[PDB]
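Peer 1:
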Ligand SMILES: O=C(O)CN(CC(=O)O)CC(=O)O
Ligand SMILES: [Fe+3]
């Protein structure tokens, strides 16, 4: 079991309703915590306007919402690769430097995204001496500490 969480830095003050126009770090296209849960959550609050697939791409809809992102595996929207770290031709592949739970978290740490969609063990696993520099974005419009995932997660997977 795990809990999908949205990690942000303590220096910022935006909440979930204020995500439009921010930059985002994702584990990869089509993965659970990094894409299916957050994007679906945003589509259902009505923040990302997608009503259905007509030629319709979710990628297009997301690229319109975030100003830029890193979404390893993205196929059609270059904006979704803009924040990725790496070489000109592989930075956006599904096994790129910012891919995976560790890579999405590094993208936030490096300041290449304002939010990283990862799981509840991610900050602890990758920056245990820096946990206090991060917090989580809750569905109810607040922020809570990294260890408070049980009451501040977007879904239990
Ligand atoms: O995200 C996925 O699509 C698949 N997962 C499990 C999961 O997150 O539930 C394995 C992994 O990404 O390593
Ligand atoms: Fe996963």
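In PDB author numbering, the protein residues as written are 94 to 250. Ideal placement from N, C-alpha and C gives every residue a C-beta, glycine not left out.
Would residue 229 and residue 242 be called neighbours here (beta carbons separated by less than 8 Å)?
Peer 2: Yes. Within cutoff.
Peer 1: Quick check: the stretch 149–167 against the stretch 118–129, are there 3 or more CB pairs under 8 Å?
Peer 2: The answer is yes - the stretch 118–129 touches the stretch 149–167, with three or more Cβ pairs under 8 Å.
Peer 1: Using a threshold of 8 Å, state whether the C-beta atoms of residue 51 and residue 194 are closer than that.
Peer 2: Summary: the structure shown does not reach residue 51, with the chain confined to residues 94 through 250, and so no result is reported for it.
Peer 1: What separation, rounded to the nearest whole angstrom, lies between the Cα atoms of residue 245 and residue 199?
Peer 2: Cα to Cα, residue 245 sits roughly 21 Å from residue 199.
Peer 1: Mapping DSSP to helix, strand and coil, what is residue 131?
Peer 2: Helix at residue 131.
Peer 1: Quick check on residue 112: does DSSP put it in helix, strand or coil?
Peer 2: Coil at residue 112, not helix or strand.
Peer 1: Could you give the distance in angstroms between the alpha-carbon of residue 209 and the alpha-carbon of residue 147?
Peer 2: Spanning the two alpha carbons is a distance of roughly 29 Å.
Peer 1: Alpha carbon to alpha carbon, how far is residue 221 from residue 155? Give it in angstroms, no decimals.
Peer 2: The alpha-carbon atoms of residue 155 and residue 221 are separated by roughly 31 Å.
Peer 1: What is the DSSP secondary structure of residue 213, reduced to helix, strand or coil?
Peer 2: Coil, per DSSP.
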